[PDB]
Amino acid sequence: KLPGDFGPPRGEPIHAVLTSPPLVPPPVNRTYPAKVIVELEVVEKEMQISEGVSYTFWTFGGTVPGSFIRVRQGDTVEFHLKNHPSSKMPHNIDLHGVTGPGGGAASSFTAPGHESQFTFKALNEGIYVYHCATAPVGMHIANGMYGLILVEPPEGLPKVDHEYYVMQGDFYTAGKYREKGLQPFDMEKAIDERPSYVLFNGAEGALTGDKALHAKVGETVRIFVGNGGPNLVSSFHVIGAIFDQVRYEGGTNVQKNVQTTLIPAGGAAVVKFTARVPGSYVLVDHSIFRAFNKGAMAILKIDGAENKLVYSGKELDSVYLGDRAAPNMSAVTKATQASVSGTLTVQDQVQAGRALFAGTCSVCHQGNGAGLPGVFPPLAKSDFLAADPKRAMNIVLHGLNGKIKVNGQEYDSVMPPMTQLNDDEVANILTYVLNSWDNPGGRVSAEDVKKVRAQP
């Protein structure tokens, strides 16, 4: 006996349902082995990795991660891979869980415009990463070529109310985090394992705000969690909750009641969550600078009745989530498009600045700019700002400490530098500030900030 030895395929061939993240195909719901036909197409395309930041992704099925594949242990899978004629590269696939050399790699080699096929029996139950296997393999994986395949046990997984698909990846851009424009792949950063972004589902904000996952108090949620890498290991964590179960790949071991769990590069797990009180629960890589400085956060939003005996506090806000507490940051997307066209208005900057000011500045200076008297000075109708509004550029980039006076009050505190903000972010935030709360108005341009960043 090999494992998964359930019989020869019965019935008619089934054309496999593939779904785009964050959704999952439905449970196969059958008691017999089948011949399952899978057709997956590779597409190379520019998408937004962040607001106003484009990247040329290489994809299985048009998304990052690629289409989710779901079969039953014991099935025979006929796997067709098409490489769209617009592709510039050849591609192939290695599916973890396949029994055989390269997990399909050699037989699935597929030049642009061609199709390949190989067949495999699904011997091993579990959740499994797949990815491209074409030299240079790391470049293909870094450009987005990974996804998950679930091989169900024969009796199926226990019923839950929702199933979702989330996959972490590390990305390597020539430019720095949130530097606008079309960003090429950066080999030197990738070789050093120094990613510029670390993301769930292929982009900043892919699962935050209006794109959050949903469920309700009392419901159970299953998440199929993959780490496509290429390089990082995820300290995968849920803020404000606990996983009832974590199960790696097809392992016999199941861990229960943990909140933080390590996912290897190329690894995958099924986690289970029971919603107990309402609010936003954040999935992160708890190597914290990834979560909070490189994009590695996703949200499961829960609706229903508060339970004050369990938790009396308020919903997550911009103090913790920063600029991702909002529904989106499309004002940034719009202001960047407008700069590229040469049609950038003051109001474009203002609305972009407003999006960016949340968390980043509001944590100390408040949402309304009032500050807190004696502790955090006001930006609302600030005489200090008005006295030399161009010095505000230096303050953002390089910080401010020492004694100062603002609206006739003394302050002796420290504003840390925020040098990681790109020129356009600083310009837009300051332009927002100048046009709010009865401040003088005017505008700061990215060119102005650039001049100041360059001053010793």
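From 1 onward, residues are counted along the sequence shown.
The question of which stretch, 387-395 or 50-58, has the higher mean Cα B factor is settled in favour of 387-395. Higher mean CA temperature factor between 110-118 and 368-376: 368-376, per the PDB entry.
The PDB entry assigns the greatest CA B-factor among 64, 404, 42, 38 to 404. Out of 259, 287, 227, 382, it is 382 whose C-alpha atom has the highest B-factor in the PDB entry.
Among all modelled residues in this chain, the alpha-carbon of residue 179 has a temperature factor (C-alpha) in the middle third.
Residue-level temperature factors show residue 34 in the middle third of its chain, judged at the C-alpha atom.
Per-chain ranking of the deposited C-alpha B factor places residue 69 in the lowest third. Looking at the C-alpha B-factors along this chain, the one for residue 244 belongs to the middle third. Split the chain's modelled residues into thirds by C-alpha temperature factor. Residue 303 is in the highest one.
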